[PDB]
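**Q** Structure incoming, see below.
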Amino acid sequence: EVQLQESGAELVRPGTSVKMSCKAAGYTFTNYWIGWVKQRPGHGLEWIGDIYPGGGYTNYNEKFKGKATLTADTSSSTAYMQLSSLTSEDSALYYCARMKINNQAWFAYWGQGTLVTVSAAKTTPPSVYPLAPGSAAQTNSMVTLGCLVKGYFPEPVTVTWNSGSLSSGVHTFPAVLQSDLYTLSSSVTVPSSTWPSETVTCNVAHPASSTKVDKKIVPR
Amino acid sequence: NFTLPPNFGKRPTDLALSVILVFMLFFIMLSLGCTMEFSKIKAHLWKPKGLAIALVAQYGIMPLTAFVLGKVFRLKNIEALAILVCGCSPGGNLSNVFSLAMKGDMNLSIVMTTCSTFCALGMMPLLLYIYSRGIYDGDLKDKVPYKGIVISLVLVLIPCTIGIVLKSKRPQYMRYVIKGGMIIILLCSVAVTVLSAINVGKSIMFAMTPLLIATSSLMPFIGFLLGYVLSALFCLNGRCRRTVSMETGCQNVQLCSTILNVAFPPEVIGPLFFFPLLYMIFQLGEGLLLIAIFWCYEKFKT
Amino acid sequence: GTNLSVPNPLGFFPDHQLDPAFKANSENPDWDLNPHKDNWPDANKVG
Amino acid sequence: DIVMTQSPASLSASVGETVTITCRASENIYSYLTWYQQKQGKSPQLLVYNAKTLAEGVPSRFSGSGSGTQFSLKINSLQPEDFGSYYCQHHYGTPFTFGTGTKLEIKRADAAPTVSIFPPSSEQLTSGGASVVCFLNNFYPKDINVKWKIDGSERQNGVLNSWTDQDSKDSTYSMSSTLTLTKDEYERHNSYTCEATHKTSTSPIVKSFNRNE
């Protein structure tokens, strides 16, 4: 079974170079082209360039011609890409893919993908602010709460409610950067006459800073 | 509007045609190995006048006549590039058979063929670069086969040297092997004709056009005439003149076919995908006509 | 280069090659390695 | 350069329903187009190459047919295992443009958002900032518009929106819209309210909040 293995996630400040590897197994790797595809989460796919490990012949996209360098290293059978100068624009998910014919340009086997984040912000522990319903405090039939976290740079943040408990009606929204720092909010919905009687807490962990914050929501 | 047969490359008939062509090449080389000896090859190598004049004629006329023909007939850029690649190709091995048809000192013929192929693998990209200025600014220099040329040269030379050794060792197998080889050559030639007719079908009519036919008919005849004139100009021997003239006109169109297939998608080169075939049949017909003319002139002498 | 075909001196089609196991006539020929073929927009032009 | 465009940007269909997606090429490409299928959090997989032939290990229900500038990808019977973005690509040119995406999503009965608004936390104000978060949970059509009336008047300067993709246990959406304000500015406008409008109802539902109780 032909398999492509990527290096792993990278975090690099702007202006510095970075290189990623695509180790190939299950076939010769010497007589098949390898193509590199960059995909942004909010945009379409685009083709960076191609490399033939046997002879080192490479073709580059005109846009990526300046800032993409491809290397074979056939001895270890791991293709490389070099990103050269880096800017905040080129933070995306990078794929290594292999052709099937060497005559046509449709890729058949893809790697797991390498995530590259370009930003100058230093690691910062998140700040957690509880969210409580307004002064109305209407019981109704079902009550919703929230937990707002902001000011954390990396993205390992996981939010849980009462640890094991809940995890049924909770929602976590994707992190969005505002001032080079990321903010996300998590909401939990709880049946009425339960939250005021019994605490719900809010468990948030930041493995990058190795900081875990635990706090509970009290009525205002 | 050009269309190809639904399964052109992949078909049992095409596979059979390829095997028959391989057997043709092998048996032609084996039968041709009878008429040459090591000593004459060494003598021709030591005196490189004929070899050098043959290379000069081939590589200063064929690309030149291709470019002039394309400019004169105002051909399309793709057609001009196709005929230019055909001209830049080395002399084929059909020249050796044609020289055998005119009893033309086959030692010099095979020496010229081998040296022409070896010089081709080096200077074909150079001629392509210095002659394609104006059409297809693309590189077109990595598309020319390099290792395949050497492998083909060795695989051609092997049966010929086998026949030469079999000759020099013991003549007794000439009348037991040459006649059989000639018979298989004849049946395989008939098979090649019928198989090409079956495979091509009615798609050839697209290749039929007053310009491509004119260029592919003018090219081998102009090659033969210019080679004869240039070789006679240097006070070369008449046998050497005939073999040089017949070699300089023959071309290896298979290289052009592969190069054009590699460089461009099939849709770009659609109608002239059959140009190597047109060149091959026209050079074969003109060679046969020259054979008939030479034999009639010999009858006139007697 | 990207052309790995063994040319046949007698031949007029891309599949006429002096290679023992005739892959060029199979479903998956592998004698050419150029996926970046030039579309050449001005191919059908005269100067 | 050849530009590739896909007609339906988003498309919703239930399990077992035939559906087609259309691709359009800027120029003629002589059926040199291939279809890719990417699932959520997974690398794209080859689905159809040369616009007709089905790749190895693909279900037979997929079918593609087209040439020139119009291409299509019928799914025929629809199974839950295939639901994600679909992509195109051409081999004709050198740049190998990839075209935009086409997302397939589950279909369900329309639902109204459960809009909730929250004041900034007590300790949030002490730091020096004020954030007002308005939640919109469990609405199926994902094209709401959120309007912030600070005092009967809209403002979009500091509004940041986050969207949750369609869930698994349910098949609805969720959106969080947070409006950030500096201190000594949050207390000069008294009331706050986030407004949500949706296709499920003509009138926009209003959730309000007064700073001084």
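Within each chain, counting starts at residue 1; across the structure tokens, chains are named A, B, ... in the order shown, with ligands numbered 1 upward in that order.
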Show me, as a CSV table (one decimal) with N, CA and C atoms, in the first residue's frame, every residue of chain C with an atom at most 7 Å from chain D, counting only C-alpha atoms.

**A**
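Contents of the output file selection-v1.csv:
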chain,number,residue,atom,x,y,z
C,36,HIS,N,3.5,18.2,-17.6
C,36,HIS,CA,3.3,19.7,-17.8
C,36,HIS,C,3.4,20.0,-19.3
C,38,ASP,N,2.6,21.5,-22.9
C,38,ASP,CA,2.3,22.9,-23.3
C,38,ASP,C,1.1,22.9,-24.2
C,39,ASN,N,0.1,23.6,-23.8
C,39,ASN,CA,-1.1,23.8,-24.6
C,39,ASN,C,-0.8,24.6,-25.9

**Q** Give me the residues within 8 Å of range 18-26 of chain C as an MDAnalysis selection string, counting only C-alpha atoms and dropping any in the same chain fewer than 6 places off.

**A** (chainID B and resid 9:11 14:15 22 152 155) or (chainID C and resid 6:8)

**Q** What does the file look like for those residues with N, CA, C and O atoms, as an mmCIF file, in the first residue's frame?

**A**
data_model
loop_
_atom_site.group_PDB
_atom_site.id
_atom_site.type_symbol
_atom_site.label_atom_id
_atom_site.label_comp_id
_atom_site.auth_asym_id
_atom_site.auth_seq_id
_atom_site.Cartn_x
_atom_site.Cartn_y
_atom_site.Cartn_z
ATOM 1 N N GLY B 9 -3.494 3.062 -29.476
ATOM 2 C CA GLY B 9 -2.280 2.465 -28.946
ATOM 3 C C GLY B 9 -2.503 1.073 -28.387
ATOM 4 O O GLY B 9 -1.690 0.171 -28.601
ATOM 5 N N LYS B 10 -3.606 0.879 -27.671
ATOM 6 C CA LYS B 10 -3.891 -0.376 -26.983
ATOM 7 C C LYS B 10 -4.850 -1.201 -27.833
ATOM 8 O O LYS B 10 -6.065 -0.981 -27.800
ATOM 9 N N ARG B 11 -4.302 -2.151 -28.585
ATOM 10 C CA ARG B 11 -5.080 -3.056 -29.419
ATOM 11 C C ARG B 11 -4.214 -4.242 -29.822
ATOM 12 O O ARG B 11 -2.996 -4.091 -29.981
ATOM 13 N N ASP B 14 -2.166 -3.554 -33.044
ATOM 14 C CA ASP B 14 -1.008 -2.681 -32.871
ATOM 15 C C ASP B 14 0.144 -3.414 -32.196
ATOM 16 O O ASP B 14 1.311 -3.214 -32.552
ATOM 17 N N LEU B 15 -0.165 -4.263 -31.215
ATOM 18 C CA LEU B 15 0.872 -5.070 -30.582
ATOM 19 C C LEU B 15 1.533 -5.994 -31.597
ATOM 20 O O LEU B 15 2.764 -6.115 -31.638
ATOM 21 N N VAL B 22 9.750 -5.238 -34.877
ATOM 22 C CA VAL B 22 10.964 -5.665 -34.183
ATOM 23 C C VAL B 22 11.637 -6.803 -34.940
ATOM 24 O O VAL B 22 12.864 -6.811 -35.132
ATOM 25 N N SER B 152 19.060 1.757 -28.500
ATOM 26 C CA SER B 152 18.669 1.364 -29.849
ATOM 27 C C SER B 152 19.885 1.128 -30.730
ATOM 28 O O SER B 152 19.906 0.182 -31.524
ATOM 29 N N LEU B 155 21.350 -2.230 -29.693
ATOM 30 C CA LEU B 155 20.480 -3.336 -30.081
ATOM 31 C C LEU B 155 20.467 -3.531 -31.590
ATOM 32 O O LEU B 155 20.212 -4.636 -32.076
ATOM 33 N N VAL C 6 12.773 3.779 -26.174
ATOM 34 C CA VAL C 6 13.851 3.218 -26.985
ATOM 35 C C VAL C 6 13.405 3.246 -28.442
ATOM 36 O O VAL C 6 12.646 2.367 -28.870
ATOM 37 N N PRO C 7 13.847 4.219 -29.233
ATOM 38 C CA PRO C 7 13.310 4.365 -30.587
ATOM 39 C C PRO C 7 13.657 3.181 -31.471
ATOM 40 O O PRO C 7 14.696 2.535 -31.314
ATOM 41 N N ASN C 8 12.759 2.900 -32.409
ATOM 42 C CA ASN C 8 12.947 1.849 -33.394
ATOM 43 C C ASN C 8 13.261 2.493 -34.734
ATOM 44 O O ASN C 8 12.454 3.302 -35.217
#

**Q** Any idea what the distance is between CA of residue 171 in chain A and CA of residue 187 in chain A?

**A**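 Spanning CA of residue 171 in chain A to CA of residue 187 in chain A is a straight-line distance of 5.3 Å.
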
**Q** Give me, as a list in words, the residues of chain A touching chain C, with the criterion being at most 9 Å (counting only C-alpha atoms).

**A**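 For chain A, the answer reads residues 31, 32, 33, 52, 55, 57, 59, 101, 102, 103, 104 and 105 of chain A.
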
**Q** Limited to C-alpha atoms, could you put the picked residues into a file as a tab-separated table (two decimals), in the first residue's frame?

**A**
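Output file out_23.tsv follows:
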chain	number	residue	atom	x	y	z
A	31	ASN	CA	9.83	6.98	-10.91
A	32	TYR	CA	6.72	8.90	-9.86
A	33	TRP	CA	6.04	12.62	-9.66
A	52	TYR	CA	10.47	14.17	-10.06
A	55	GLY	CA	16.13	13.24	-11.90
A	57	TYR	CA	13.17	17.84	-12.58
A	59	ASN	CA	8.03	22.66	-12.33
A	101	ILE	CA	0.79	7.85	-14.62
A	102	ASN	CA	3.57	10.49	-14.72
A	103	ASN	CA	1.84	11.57	-17.95
A	104	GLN	CA	-1.34	13.09	-16.47
A	105	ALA	CA	-1.63	15.50	-13.56

**Q** DSSP says helix (DSSP H, G or I) for which residues of range 51-234 of chain B? Put them as a PyMOL selection string?

**A** chain B and resi 51-73+77-88+94-101+106-131+147-169+171-200+204-207+210-233

**Q** Tell me as an MDAnalysis selection string which residues belonging to chain B come within 12 Å of chain A, counting only C-alpha atoms.

**A** chainID B and resid 142 261:266

**Q** Keeping N, CA and C atoms for every residue in the selection just given, could you write it to a file as an mmCIF file, in the first residue's frame?

**A**
data_model
loop_
_atom_site.group_PDB
_atom_site.id
_atom_site.type_symbol
_atom_site.label_atom_id
_atom_site.label_comp_id
_atom_site.auth_asym_id
_atom_site.auth_seq_id
_atom_site.Cartn_x
_atom_site.Cartn_y
_atom_site.Cartn_z
ATOM 1 N N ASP B 142 14.669 18.748 -23.413
ATOM 2 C CA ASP B 142 14.628 17.578 -22.544
ATOM 3 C C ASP B 142 13.653 16.534 -23.073
ATOM 4 N N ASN B 261 4.925 13.725 -29.265
ATOM 5 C CA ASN B 261 3.956 13.195 -28.312
ATOM 6 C C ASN B 261 4.261 13.661 -26.895
ATOM 7 N N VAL B 262 5.542 13.709 -26.529
ATOM 8 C CA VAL B 262 5.915 14.122 -25.179
ATOM 9 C C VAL B 262 5.660 15.610 -24.978
ATOM 10 N N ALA B 263 6.012 16.431 -25.968
ATOM 11 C CA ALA B 263 6.009 17.875 -25.760
ATOM 12 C C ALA B 263 4.599 18.436 -25.630
ATOM 13 N N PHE B 264 3.659 17.937 -26.419
ATOM 14 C CA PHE B 264 2.341 18.538 -26.546
ATOM 15 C C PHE B 264 1.254 17.519 -26.260
ATOM 16 N N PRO B 265 0.073 17.974 -25.849
ATOM 17 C CA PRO B 265 -1.063 17.065 -25.695
ATOM 18 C C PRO B 265 -1.524 16.551 -27.045
ATOM 19 N N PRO B 266 -2.237 15.423 -27.079
ATOM 20 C CA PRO B 266 -2.677 14.879 -28.372
ATOM 21 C C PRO B 266 -3.561 15.823 -29.166
#

**Q** Would you kindly report the residues of chain B within 7 Å of chain C, using only C-alpha atoms, as a PyMOL selection string?

**A** chain B and resi 9-10+15+18+21-22+25+74-78+92-93+142-145+148-149+151-152+252-255+257-258+262-265+268+276-277

**Q** Extract, using only C-alpha atoms, all DNA, RNA and protein residues at most 6 Å from residue 205 in chain A, discarding same-chain residues fewer than 2 positions from it, and format them as a PDB file with N, CA, C and O atoms, in the first residue's frame.

**A**
ATOM      1  N   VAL A 157      -6.742  24.713  22.688  1.00  0.00           N
ATOM      2  CA  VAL A 157      -7.709  24.969  23.749  1.00  0.00           C
ATOM      3  C   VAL A 157      -8.902  24.036  23.611  1.00  0.00           C
ATOM      4  O   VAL A 157      -9.528  23.950  22.548  1.00  0.00           O
ATOM      5  N   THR A 158      -9.227  23.339  24.698  1.00  0.00           N
ATOM      6  CA  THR A 158     -10.396  22.475  24.770  1.00  0.00           C
ATOM      7  C   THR A 158     -11.234  22.900  25.963  1.00  0.00           C
ATOM      8  O   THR A 158     -10.705  23.069  27.066  1.00  0.00           O
ATOM      9  N   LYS A 212      -4.364  25.254  33.124  1.00  0.00           N
ATOM     10  CA  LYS A 212      -5.751  24.816  33.183  1.00  0.00           C
ATOM     11  C   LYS A 212      -6.513  25.737  34.122  1.00  0.00           C
ATOM     12  O   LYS A 212      -6.100  25.939  35.268  1.00  0.00           O
TER      13      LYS A 212
END

**Q** I'd like the contact shell of residue 52 in chain D - 12 Å cut-off, only C-alpha atoms, skipping same-chain residues fewer than 5 positions apart - returned as a list in words.

**A**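 Selected residues are residues 30, 31, 32, 33, 34, 35, 47, 62, 63, 64, 65, 66, 67, 71, 72, 73 and 74 of chain D.
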
**Q** Selected residues, N, CA, C and O atoms, written as a CSV table (one decimal), in the first residue's frame, please.

**A**
chain,number,residue,atom,x,y,z
D,30,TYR,N,-10.9,19.7,-23.3
D,30,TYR,CA,-11.0,18.4,-24.0
D,30,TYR,C,-11.1,17.3,-23.0
D,30,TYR,O,-10.5,16.3,-23.1
D,31,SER,N,-11.9,17.5,-21.9
D,31,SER,CA,-12.2,16.5,-20.9
D,31,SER,C,-11.0,16.0,-20.2
D,31,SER,O,-10.7,14.8,-20.0
D,32,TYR,N,-10.1,17.0,-19.8
D,32,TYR,CA,-9.0,16.8,-19.0
D,32,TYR,C,-9.2,17.1,-17.5
D,32,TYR,O,-8.3,17.6,-16.9
D,33,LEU,N,-10.4,16.9,-17.1
D,33,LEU,CA,-10.8,17.4,-15.7
D,33,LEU,C,-11.0,16.2,-14.8
D,33,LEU,O,-11.5,15.1,-15.2
D,34,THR,N,-10.6,16.4,-13.5
D,34,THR,CA,-10.8,15.3,-12.5
D,34,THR,C,-11.5,15.9,-11.3
D,34,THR,O,-11.4,17.1,-11.0
D,35,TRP,N,-12.2,15.0,-10.6
D,35,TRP,CA,-13.1,15.3,-9.5
D,35,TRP,C,-12.4,14.8,-8.2
D,35,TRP,O,-12.0,13.6,-8.2
D,47,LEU,N,-11.7,10.9,-7.0
D,47,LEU,CA,-13.0,10.3,-7.2
D,47,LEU,C,-13.2,9.9,-8.7
D,47,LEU,O,-13.5,8.7,-9.0
D,62,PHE,N,-21.4,7.0,-8.0
D,62,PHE,CA,-20.8,8.2,-8.6
D,62,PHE,C,-20.8,8.0,-10.1
D,62,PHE,O,-20.5,7.0,-10.6
D,63,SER,N,-21.0,9.1,-10.8
D,63,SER,CA,-21.0,9.2,-12.2
D,63,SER,C,-20.7,10.6,-12.7
D,63,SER,O,-21.3,11.5,-12.2
D,64,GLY,N,-19.7,10.7,-13.6
D,64,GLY,CA,-19.4,12.0,-14.2
D,64,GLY,C,-19.4,12.0,-15.7
D,64,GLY,O,-19.1,11.0,-16.3
D,65,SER,N,-19.9,13.0,-16.3
D,65,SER,CA,-20.1,13.1,-17.8
D,65,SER,C,-20.0,14.5,-18.2
D,65,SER,O,-20.7,15.4,-17.8
D,66,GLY,N,-19.0,14.8,-19.1
D,66,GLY,CA,-18.9,16.1,-19.7
D,66,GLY,C,-17.7,16.3,-20.6
D,66,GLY,O,-16.7,15.4,-20.5
D,67,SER,N,-17.6,17.3,-21.4
D,67,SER,CA,-16.5,17.6,-22.2
D,67,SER,C,-16.5,19.0,-22.7
D,67,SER,O,-17.6,19.6,-22.8
D,71,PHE,N,-19.1,20.2,-17.2
D,71,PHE,CA,-18.9,18.9,-16.6
D,71,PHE,C,-19.9,18.8,-15.5
D,71,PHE,O,-20.4,19.7,-14.9
D,72,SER,N,-20.2,17.5,-15.1
D,72,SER,CA,-21.2,17.2,-14.1
D,72,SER,C,-20.7,16.0,-13.3
D,72,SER,O,-19.9,15.2,-13.8
D,73,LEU,N,-21.3,15.8,-12.1
D,73,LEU,CA,-21.0,14.7,-11.2
D,73,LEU,C,-22.3,14.3,-10.6
D,73,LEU,O,-22.6,14.8,-9.5
D,74,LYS,N,-22.9,13.3,-11.1
D,74,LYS,CA,-24.1,12.8,-10.5
D,74,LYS,C,-23.8,11.8,-9.4
D,74,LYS,O,-22.8,11.1,-9.5

**Q** Just the residues within 8 Å of range 41-46 of chain A, please, counting only C-alpha atoms, with nothing from its chain fewer than 5 positions along; format it as a list in words.

**A**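 So the residues in contact are residues 92 and 93 of chain A; 96, 97, 98, 99, 100 and 101 of chain D.
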
**Q** Would you mind exporting the chosen residues as a short mmCIF file (atom, residue, chain, number, x, y, z; two decimals), in the first residue's frame, restricted to N, CA and C atoms?

**A**
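Okay, this is what ended up in out23.cif:
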data_model
loop_
_atom_site.label_atom_id
_atom_site.label_comp_id
_atom_site.auth_asym_id
_atom_site.auth_seq_id
_atom_site.Cartn_x
_atom_site.Cartn_y
_atom_site.Cartn_z
N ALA A 92 -1.48 28.05 5.96
CA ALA A 92 -2.51 27.16 5.44
C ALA A 92 -2.12 25.72 5.73
N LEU A 93 -2.82 24.79 5.10
CA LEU A 93 -2.55 23.36 5.22
C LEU A 93 -1.88 22.88 3.94
N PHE D 96 -2.49 24.42 -13.44
CA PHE D 96 -3.31 23.42 -12.77
C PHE D 96 -4.22 24.06 -11.71
N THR D 97 -5.11 24.93 -12.18
CA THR D 97 -6.05 25.56 -11.26
C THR D 97 -7.04 24.54 -10.71
N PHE D 98 -7.52 24.80 -9.50
CA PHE D 98 -8.29 23.83 -8.74
C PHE D 98 -9.77 24.18 -8.61
N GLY D 99 -10.18 25.38 -9.01
CA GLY D 99 -11.57 25.75 -8.88
C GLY D 99 -12.03 25.91 -7.44
N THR D 100 -13.24 26.43 -7.25
CA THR D 100 -13.77 26.62 -5.91
C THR D 100 -14.38 25.32 -5.40
N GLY D 101 -15.00 25.39 -4.22
CA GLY D 101 -15.56 24.21 -3.60
C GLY D 101 -17.05 24.05 -3.83
#

**Q** Excluding same-chain residues fewer than 4 positions from range 124-130 of chain B, what lies within 8 Å of it counting only C-alpha atoms, as a compact mmCIF listing (two decimals) with N, CA and C atoms, in the first residue's frame?

**A**
# COMPACT_ATOMS: atom_id res chain seq x y z
N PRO B 63 18.13 19.75 -41.44
CA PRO B 63 17.47 20.86 -40.73
C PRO B 63 17.30 22.08 -41.61
N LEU B 84 10.62 20.24 -38.73
CA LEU B 84 11.95 20.57 -38.22
C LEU B 84 12.50 19.45 -37.35
N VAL B 85 11.66 18.89 -36.48
CA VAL B 85 12.10 17.77 -35.65
C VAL B 85 12.41 16.55 -36.51
N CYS B 88 15.82 17.18 -38.01
CA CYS B 88 16.89 17.10 -37.03
C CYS B 88 17.17 15.67 -36.58
N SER B 89 16.31 14.72 -36.93
CA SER B 89 16.50 13.34 -36.50
C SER B 89 17.68 12.70 -37.24
N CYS B 119 26.26 11.22 -33.16
CA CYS B 119 26.30 12.67 -33.23
C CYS B 119 24.91 13.28 -33.03
N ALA B 120 23.86 12.53 -33.39
CA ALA B 120 22.51 13.01 -33.16
C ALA B 120 22.24 13.16 -31.67
N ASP B 139 11.38 25.06 -24.45
CA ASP B 139 12.73 24.50 -24.46
C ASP B 139 12.90 23.38 -25.47
N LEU B 140 12.03 22.36 -25.40
CA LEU B 140 12.04 21.24 -26.33
C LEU B 140 13.38 20.51 -26.38
N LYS B 141 14.19 20.65 -25.33
CA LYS B 141 15.50 20.01 -25.34
C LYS B 141 15.58 18.83 -24.38
N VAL B 144 13.81 15.20 -26.13
CA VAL B 144 14.51 14.29 -27.03
C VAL B 144 15.06 13.11 -26.24

**Q** Using only C-alpha atoms and a cut-off of 9 Å, which residues of chain A sit close to chain D? Please list them as a PyMOL selection string.

**A** chain A and resi 43-49+59-62+95+104-113+128-136+144-146+148+171-176+178+184-185+187+220

**Q** Check the DSSP output for the backbone and give back, as a PyMOL selection string, the residues of range 73-195 of chain D in strand (DSSP E).

**A** chain D and resi 73-74+85-90+103-105+114-118+129-139+145-149+159-164+173-182+191-195

**Q** For residue 194 in chain B, list every protein, DNA or RNA residue within 12 Å, evaluated using only C-alpha atoms, and leave out those in the same chain fewer than 5 positions away; present the list as a list in words.

**A**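 Near residue 194 in chain B, the qualifying residues are residues 13, 14, 16, 17, 20, 187, 188, 189, 199, 200 and 201 of chain B.
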
**Q** From the list B:267, B:246, B:278, B:79, which residue is nearest chain D when using only C-alpha atoms?

**A**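 For chain D, the nearest of the given residues is B:267.
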
**Q** Have a look at CA of residue 279 in chain B and CA of residue 158 in chain B and let me know their distance in Å, one decimal.

**A**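 Value for the CA of residue 279 in chain B-CA of residue 158 in chain B distance: 27.2 Å.
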
**Q** What does the distance from CA of residue 249 in chain B to CA of residue 215 in chain B come to in Å, to one decimal?

**A** 13.6 Å
